[PDB]
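Enquirer: Structure in structure tokens, see below.
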Amino acid sequence: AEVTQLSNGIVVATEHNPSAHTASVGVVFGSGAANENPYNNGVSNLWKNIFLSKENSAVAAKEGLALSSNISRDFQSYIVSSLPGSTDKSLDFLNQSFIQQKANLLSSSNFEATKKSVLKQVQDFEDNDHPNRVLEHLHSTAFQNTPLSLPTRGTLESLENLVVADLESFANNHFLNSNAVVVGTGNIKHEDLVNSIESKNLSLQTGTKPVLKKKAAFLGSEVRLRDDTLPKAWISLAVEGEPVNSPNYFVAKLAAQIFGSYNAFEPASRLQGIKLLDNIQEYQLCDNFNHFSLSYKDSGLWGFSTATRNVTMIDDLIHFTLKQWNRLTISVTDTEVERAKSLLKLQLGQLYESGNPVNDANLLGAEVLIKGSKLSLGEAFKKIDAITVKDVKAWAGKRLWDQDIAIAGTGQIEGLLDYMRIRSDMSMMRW
Amino acid sequence: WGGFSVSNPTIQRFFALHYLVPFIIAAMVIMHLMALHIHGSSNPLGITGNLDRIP
Ligand code: HEC
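Chains A and C supply the protein sequences, listed in that same order. Mapping of the first sequence onto the entry's author numbering: position 311 corresponds to residue 337, and the numbering continues sequentially without gaps. Mapping of the second sequence onto the entry's author numbering: position 5 corresponds to residue 170, and the numbering continues sequentially without gaps.
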């Protein structure tokens with residue numbers, strides 16, 4: 027449970043955990059899809075794909091190393107996993123690919139074979155992964171004409187028109203030092219890694235900063251992707267949430283836990299202590315749903331997602347759910363808040379502490395990049411337990427009560443009523 | 166008329182009748198609405214409305 031981080035030339039961050047069996051090293055950049063443009067959208071996803079290409083991947087495999095990378099909105103990360111002993115051979119492969127081979131990975135035979143893969147990849151996504159496709163579109167309309175609206179995997183149109191020069195252009199503007207953090211998780215010590223790094227000098231484009239832009243903003247709107255040939259209806263709905271490093275980051279995350287997630291087929295799920303289940307189970311209004319409090323640097327999204335085959339009662343699904351959310355402003359109970367506290371701790375635990383160093387790396391790098399440090403799991407619990415009913419009520423009265431929303435859906439959505447109908451349910455009549 | 170000409174039996178039955186008929190119109194208006202509900206309203210384009218309706 028130690029968050030160690032020191033700066034010499036490069037800001038090095040590590041979180042050691044003795045019993046681990048393995049160790050992971052890599053760099054995480056403070057720039058992701060939210061830094062691209064509508065036309066070069068998909069560059070970051072492309073980088074990730076070449077970094078994992080058959081050529082580069084075969085080199086580290088001989089050495090007994092494994093590769094992993096993830097593209098997000100605010101950040102990007104390249105990671106190399108290894109045994110606790112080869113904690114040095116990872117640092118060689120890292121520098122070899124980001125300085126020496128930052129021109130060998132971009133050959134006219136590799137880039138074309140990779141481009142052909144992300145194209146079949148992103149296409150496959152839009153053709154079949156409906157729930158994620160919808161959540162991606164939710165960000166698209168909620169933050170339109172603003173950074174957060176750009177899909178992480180990029181659009182098929184900005185992708186097929188992307189050239190090697192664009193990769194370089196992006197890389198030379200974001201893969202800088204002042205916008206980077208070298209992460210090390212697994213078992214290796216902070217002082218073990220920091221030495222192998224402060225050994226090899228060379229700055230490589232120092233003093234350079236990435237370009238700036240215009241702040242992200244929420245806009246009440248919707249995008250309806252009707253498709254009557256699909257067998258279900260997938261919809262996502264949300265209000266403007268909380269950004270990371272916000273006084274209410276936790277109240278919000280707790281508020282989502284109150285309604286939580288559900289799966290109509292799993293017996294135990296049907297028994298949960300969520301009032302909403304009394305309303306939706308009578309006529310079986312949906313196969314599943316899940317609330318969330320997504321947070322980013324400039325903004326966030328608080329809402330839920332759901333999938334259903336009861337295409338003639340979608341208005342009741344949406345109506346009941348939004349009536350429950352009304353309660354957070356006027357009648358949420360102590361026991362509901364308490365049930366949430368326990369469950370939030372359990373999930374926040376399983377995330378920050380799993381048996382996989384790669385997840386730890388991403389989380390560590392991402393956090394240190396936005397707030398210059400990581401909040402310890404124990405420090406979180408103290409904040410979570412401190413939340414009162416009054417807090418939830420004040421938060422909801424600001425974020426949920428009579429506030430614009432964003433909607434997105436695909437499939438048999440004829441039954442999803444108009445905007446103003448849904449919008450009206452964000453409140454209740456009173457004397 | 167109820168007599169030789171328009172007289173006292175006429176106007177009195179006319180009042181009784183004037184009060185009655187409006188309630189028959191009301192019942193007829195309900196049947197009008199029932200008939201309207203099975204296929205719905207038409208629209209200025211003269212074609213189907215089934216592809217885009219609002220509450
Ligand atoms: C001789 C014809 C006729 C008479 C008189 C008539 N209606 Fe209608 N009404 C129609 C028709 C036809 C429609 C269907 C309109 C459409 O959808 O194009 C209609 C539709 C309606 C509608 C739907 C909205 C609209 O205006 O289109 C209402 C309400 C209605 N009528 C009420 C009444 C009432 C109340 C009366 C009188 C007491 C009445 N109508 C008398 C022919 C009539």
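By construction, the Cβ of each residue, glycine as well, lies at the ideal position given by its N, Cα and C atoms.
#1: For the candidate residues A:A129, A:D114, A:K239, A:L202, whose alpha-carbon lies nearest to that of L228 (chain A)?
#2: Starting from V265 (chain A), trace the beta strand (DSSP E) both ways and give me its first and last residue.
#3: Is there at least one non-hydrogen atom of the ligand HEC closer than 7 angstroms to the beta-carbon of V194 (chain C)?
#4: Which of the three DSSP states, helix, strand or coil, is assigned to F291 (chain A)?
#5: Return the residue from the list A:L442, A:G180, A:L164 that minimises the CA-CA distance to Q149 (chain A).
#6: For the region 224-241 of chain A against the region 162-169 of chain A, are there 3 or more C-beta pairs whose distance is under 8 angstroms?
#7: Mind checking who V208 (chain A) pairs with in its DSSP beta bridge?
#8: Just list the beta strand (DSSP E) runs in the region 390-417 of chain A, keeping only unbroken ones of 3 residues or longer that don't cross its boundaries, in chain order.
#9: CA-CA distance, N136 (chain A) and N130 (chain A)?
#10: Compute the distance between the beta-carbons of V208 (chain A) and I36 (chain A), then report whether it is under 8 angstroms.
#11: Based on the DSSP output, what are the partners of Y104 (chain A) in its beta bridges?
#12: Less than 8 angstroms between C-beta atoms, sequence neighbours within five positions excluded: which residues of the same chain meet that for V160 (chain A)?
#13: Going straight from the alpha carbon of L302 (chain A) to that of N154 (chain A), what length do you get?
#14: Are the CB atoms of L193 (chain A) and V144 (chain A) nearer to each other than 8 angstroms?
#15: In the DSSP output, which residue or residues are listed as bridge partners for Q31 (chain A)?
#16: Could you please give the first and the last residue of the uninterrupted alpha helix (DSSP H) stretch that includes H216 (chain A)?
#17: Do you know whose CA, among A:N61, A:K279, A:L389, lies nearest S95 (chain A)'s CA?
#18: Cβ of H197 (chain C) versus every heavy atom of the ligand HEC: is any distance shorter than 7 angstroms?
#19: Buried or exposed: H47 (chain A), going by 16 or more other Cβ atoms within 10 Å of its Cβ?
#20: The ligand HEC heavy atoms versus the CB of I203 (chain C): any closer than 7 angstroms?
#21: Short of 8 angstroms in beta carbon distance, which residues of its chain neighbour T414 (chain A), apart from the five on each side in sequence? Order them along the chain.
#22: Relative to the C-alpha of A392 (chain A), which residue among A:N67, A:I431, A:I97, A:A243 is closest?
#23: Do you know how far the Cα of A168 (chain A) is from the Cα of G246 (chain A)?
#24: Taking 6 angstroms as the limit between beta carbons, can you name the residues of its chain near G212 (chain A), skipping five residues before and five after?
#25: Considering only the alpha carbon of each residue, which of A:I356, A:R449, A:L401 lies closest to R456 (chain A)?
#26: Among A:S134, A:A197, A:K80, A:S222, whose alpha-carbon lies nearest the alpha-carbon of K128 (chain A)?
#27: Look up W328 (chain A) in the DSSP assignment and say whether it is helix, strand or coil.
#28: Mind checking whether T140 (chain A) and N75 (chain A) have CB atoms under 8 angstroms apart?
#29: Please identify the residue among A:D100, A:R99, A:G90, A:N121 whose C-alpha is closest to the C-alpha of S107 (chain A).
#30: Measure from the alpha carbon of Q307 (chain A) to the alpha carbon of each residue in A:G441, A:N336, A:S103, then state which is nearest.
#31: If we call anything under 8 angstroms between Cβ atoms a contact, is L370 (chain A) one with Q283 (chain A)?
#32: List the whole-angstrom C-beta distance separating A278 (chain A) from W351 (chain A), where the pair is believed to meet the contact cut-off of C-beta under 8 angstroms.
#33: State the CB to CB distance for the pair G68 (chain A) and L185 (chain A), rounded to an integer number of angstroms; the pair is presumed to be in contact (CB under 8 angstroms).
#34: Helix, strand or coil for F151 (chain A) per DSSP?
#35: Whole-angstrom Cβ separation of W427 (chain A) and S453 (chain A), contact assumed at under 8 angstroms?
#36: Does the Cβ-Cβ distance between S287 (chain A) and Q31 (chain A) come in under 8 angstroms?
Expert: With the structure as the only source:
#1: As a position in the first sequence, residue 228 (chain A) is number 202, starting the count at 1. When only C-alpha atoms are compared, the closest one is A:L202.
#2: Within the first sequence, numbered from 1, the residue matching residue 265 (chain A) stands at position 239. From DSSP, the beta strand (DSSP E) with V265 (chain A) extends over 259-266.
#3: Along the second sequence, one-based indexing puts residue 194 (chain C) at 29. At least one heavy atom of the ligand HEC is nearer than 7 angstroms to the Cβ of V194 (chain C), so yes.
#4: Taking the first sequence and counting its residues from 1, the one referred to as residue 291 (chain A) is at position 265. DSSP places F291 (chain A) in coil when its eight states are reduced to three.
#5: By one-based count along the first sequence, residue 149 (chain A) stands at place 123. Nearest option by C-alpha distance: A:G180.
#6: no
#7: Counting from one through the first sequence, the residue named residue 208 (chain A) turns up at place 182. Looking at the DSSP assignment, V208 (chain A) forms a beta bridge with A:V38, A:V53.
#8: none
#9: Here residue 136 (chain A) refers to the residue found at position 110 of the first sequence. Here residue 130 (chain A) refers to the residue found at position 104 of the first sequence. About 9 angstroms.
#10: Taking the first residue of the first sequence as 1, we reach residue 208 (chain A) at position 182. Taking the first residue of the first sequence as 1, we reach residue 36 (chain A) at position 10. For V208 (chain A) and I36 (chain A), yes; Cβs fall inside 8 angstroms.
#11: Locating residue 104 (chain A) in the first sequence gives position 78, counting from the first residue. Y104 (chain A) pairs with A:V53, A:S95.
#12: Sequence index remark: in the first sequence, residue 160 (chain A) carries index 134 (1-based). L251, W260, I261, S262, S331, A434, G435, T436.
#13: Reading the first sequence from its first residue, position 276 is the one you call residue 302 (chain A). Reading the first sequence from its first residue, position 128 is the one you call residue 154 (chain A). Near 29 angstroms, if we compare the C-alpha coordinates of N154 (chain A) and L302 (chain A).
#14: Numbered from its first residue, the first sequence carries residue 193 (chain A) at position 167. Numbered from its first residue, the first sequence carries residue 144 (chain A) at position 118. It is not a contact, given that the beta carbons lie outside the stated cut-off.
#15: Here residue 31 (chain A) refers to the residue found at position 5 when the first sequence is read from its first residue. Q31 (chain A) pairs with A:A39.
#16: As a working mapping, residue 216 (chain A) is identified with position 190 in the first sequence. Where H216 (chain A) is concerned, the enclosing alpha helix (DSSP H) stretches over 216-225.
#17: Here residue 95 (chain A) refers to the residue found at position 69 of the first sequence. Taking only the C-alpha atoms, the option nearest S95 (chain A) is A:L389.
#18: Walking along the second sequence from the start, residue 197 (chain C) turns up at place 32. Yes, Cβ of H197 (chain C) sits closer than 7 angstroms to a heavy atom of the ligand HEC.
#19: For the purposes of this step, residue 47 (chain A) is taken as the residue at position 21 of the first sequence. Exposed, since its Cβ has fewer than 16 Cβ neighbours within 10 Å.
#20: For the purposes of this step, residue 203 (chain C) is taken as residue 38 along the second sequence, with counting starting at 1. Checking the Cβ of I203 (chain C) against the ligand HEC gives no.
#21: Position 388 of the first sequence, counted from the first residue, corresponds to residue 414 (chain A). So the qualifying residues of the chain are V363.
#22: As a working mapping, residue 392 (chain A) is identified with position 366 in the first sequence. Among A:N67, A:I431, A:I97, A:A243, the Cα nearest to that of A392 (chain A) belongs to A:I97.
#23: Numbered from 1 along the first sequence, position 220 holds the residue referred to as residue 246 (chain A). Numbered from 1 along the first sequence, position 142 holds the residue referred to as residue 168 (chain A). Roughly 7 angstroms between the two C-alpha positions.
#24: As a first step, residue 212 (chain A) must be located in the first sequence, where it is residue number 186. Hits under 6 angstroms: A46, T48, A49, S50, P383.
#25: Here residue 456 (chain A) corresponds to residue number 430 of the first sequence, with the count starting at 1. Looking at the Cα atoms, A:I356 is the closest of the given residues.
#26: Numbered from 1 along the first sequence, position 102 holds the residue referred to as residue 128 (chain A). Comparing Cα-Cα distances from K128 (chain A) to each of A:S134, A:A197, A:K80, A:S222, the minimum goes to A:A197.
#27: Within the first sequence, the letter at position 302 stands for residue 328 (chain A). Strand.
#28: Stepping through the first sequence from its first residue, residue 140 (chain A) is reached at position 114. Stepping through the first sequence from its first residue, residue 75 (chain A) is reached at position 49. In contact: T140 (chain A) and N75 (chain A) (Cβ atoms closer than 8 angstroms).
#29: Counted from its first residue, the first sequence places residue 107 (chain A) at position 81. The residue with the shortest Cα to Cα distance from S107 (chain A) is A:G90.
#30: The count along the first sequence starts at 1 and reaches residue 307 (chain A) at position 281. Checked all of A:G441, A:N336, A:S103; the closest Cα to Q307 (chain A) is A:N336.
#31: Position 344 of the first sequence, counted from the start, is the residue given in the question as residue 370 (chain A). Position 257 of the first sequence, counted from the start, is the residue given in the question as residue 283 (chain A). Taking 8 angstroms as the Cβ cut-off, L370 (chain A) and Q283 (chain A) qualify as a contacting pair.
#32: Locating residue 278 (chain A) in the first sequence gives position 252, where the first residue counts as 1. Locating residue 351 (chain A) in the first sequence gives position 325, where the first residue counts as 1. Contact flag wrong, Cβ pair sits at about 12 angstroms.
#33: Translated into positions along the first sequence, residue 68 (chain A) becomes position 42. Translated into positions along the first sequence, residue 185 (chain A) becomes position 159. Between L185 (chain A) and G68 (chain A) the Cβ distance is about 4 angstroms, and since that is below 8 angstroms, they are a contact.
#34: Position 125 of the first sequence, counted from the start, is the residue given in the question as residue 151 (chain A). In the displayed model, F151 (chain A) falls within a helix according to three-state DSSP.
#35: Counted from its first residue, the first sequence places residue 427 (chain A) at position 401. Counted from its first residue, the first sequence places residue 453 (chain A) at position 427. Confirmed, about 6 angstroms.
#36: Locating residue 287 (chain A) in the first sequence gives position 261, where the first residue counts as 1. Locating residue 31 (chain A) in the first sequence gives position 5, where the first residue counts as 1. 8 angstroms or more divides the Cβ of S287 (chain A) from the Cβ of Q31 (chain A).
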